[PDB]
Structure formats: structure tokens, C-alpha cells
């Protein structure tokens, strides 16, 4: 019977827009609490700030320890950074939106790992939180394409959009506790940790054009880093069906022309191109 009905924990446009949605449609400000990620400085930047939205709309900021004992609270992680232990919570209403098509690509850097592993599609998945990393039972999933020249950043913005949508699609059944779920399968399950990914990726050119292009574009996310080829930052990679011969590599003022062991043209655009 507590005042507080729901907690939004996490960051970025998905957390802010989902919070705004529930404030507009389901709960009053005094029924909601927020746990921003540790790094949230309260500044709207290339993403909206959850801390800023809470402060601007009179939504209380809390810690996990403040909400553990709240009976029946709905806890939603939307890019939240702390692993929870479910036995801390009195409530069993604990949910996450994970930026992959589970069971594939559990873990981190999920705007990098599907592209680096040659996928043509990804997804967002709403699931129950259990004590493992993105291992809980799936409630809903939406799969969508990774277009051939999408960068990690382009994929991330698609996760924000489709994740916000799957939140809205499912929130009423979460609130009325009538949702259905299904155990994740063992097969196809994959996982990457921060140690598995070197963000300063050294490209293996003894690979197909599709693999070289994926090795480039998986690391294009300018707020964090850009790939460097021959001491030049790369902002875009374009893969064509044109055969140009095997193992081409040529540097120009504004781009590189590259092909791998199957000979298909890649244009890797330098950041300095006007």
C-alpha cells in the first residue's frame, strides 16, 4: 500500500521517454522514484538526462537500498548500470529492456558485438530480471535490421527507439501483472564482457570485405571513439557489391578504398572530409 508504485532506473532517451510516458498516462509524480546511473551529471547532451528530468518534474531520486522493502513496487531497468540481486527485493516485479535479440548478445557493448559478429539483424528484449546477466525469462521481443552501412551509433539509436516502443507496448500488462513470459533457450545464447572487446580495434585485413567493413563500423560511435586507419579517424564505412580485385588498400586525402579476400569495394570515409 506504499505511496511509491514504480521505479525507473537507468539513463538516456529510453529511460527519460519511458518515465515521461508513465507520468503522463499512469502514475502521479509522487508515486514514482528514479535511480539515475552513477555517471549522470544532470546535463541534457547527445542523450537526455534522467536526473535532469526527475529534478525538472519533482520526481524523487532514490537508491536501491531505499526501495528494496517496498511491497509490490514495479522496478524497471532501462540501461541501468548496477547488477541487482533479486532476493534483496520484497517485490518480484523486476524488469529490464536489453538491447539485443536475446538469447544472443547478453552482456555489454551490444551496439558493437552484433555488428562485429556479422549479424544482419538485432533486437530489443523485455525480460524479467533474474540474478544472471540478461538471463531472465523473455516477455516480448522486437527484431529489426542492421542495415549494411549502419555504425554502432546508428544501431544504438535504433535500440533507443525500439526499446521505447516495446516499453509502451507492454507497460499496461506489467502494471496489471497479467504479462506472459518464457524461459530463454540454451542454444544461440551468447555473451560478451568488457574484457572481450578492445575498443582500440586492430583490423585484420586478411578477411572478407564484409568482415573488414564490420570491423570498422562496429567501432564508429563518435561520442566514445572512432576507428583509426593509417593515423586517420574513420567516420563512415560503405560496402558495395562491386568487385575491385582482391586485397586492395589505398589511402586518399578523404577516404580509403579497401577490399578483402573476396574483392568487394569498401569506402572508409575519413572524419576530415568536409
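Positions refer to the first chain, counted from 1.
Q: So which stretch wins on mean C-alpha B-factor, 24-32 or 245-253?
A: Higher of the two, by average CA B-factor, is 24-32.
Q: Looking only at CA atoms, which has the higher mean B factor in the entry: 96-104 or 188-196?
A: Between 188-196 and 96-104, it is 188-196 that shows the higher mean C-alpha B-factor.
Q: From the list 161, 90, 153, 127, select the residue with the highest C-alpha B factor recorded in the entry.
A: Highest CA B-factor of the listed options: 90.
Q: In this PDB entry, which of 47, 209, 39, 232 has the top CA B-factor?
A: Highest C-alpha B-factor among the listed residues goes to 39.
Q: Taking the values exactly as deposited, rank residue 60 by C-alpha B-factor within its chain and report the matching third: lowest, middle or highest.
A: CA B-factor rank for residue 60: highest third.
Q: Name the third of the chain's ranked CA B-factors that contains residue 220, choosing lowest, middle or highest.
A: Tercile = lowest for this residue's CA B-factor.
Q: Going by the recorded CA B-factors, say which third of the chain residue 261 sits in, lowest, middle or highest.
A: Answer is middle: the recorded C-alpha B-factor places it there.
Q: If you rank every modelled residue in this chain by C-alpha B factor, which third holds residue 71: lowest, middle or highest?
A: It belongs to the highest third of the chain when residues are ordered by C-alpha B-factor.
Q: Taking the C-alpha B-factors as the PDB entry records them, is residue 267 in the lowest, middle or highest third of its chain?
A: Bottom third by C-alpha B-factor.
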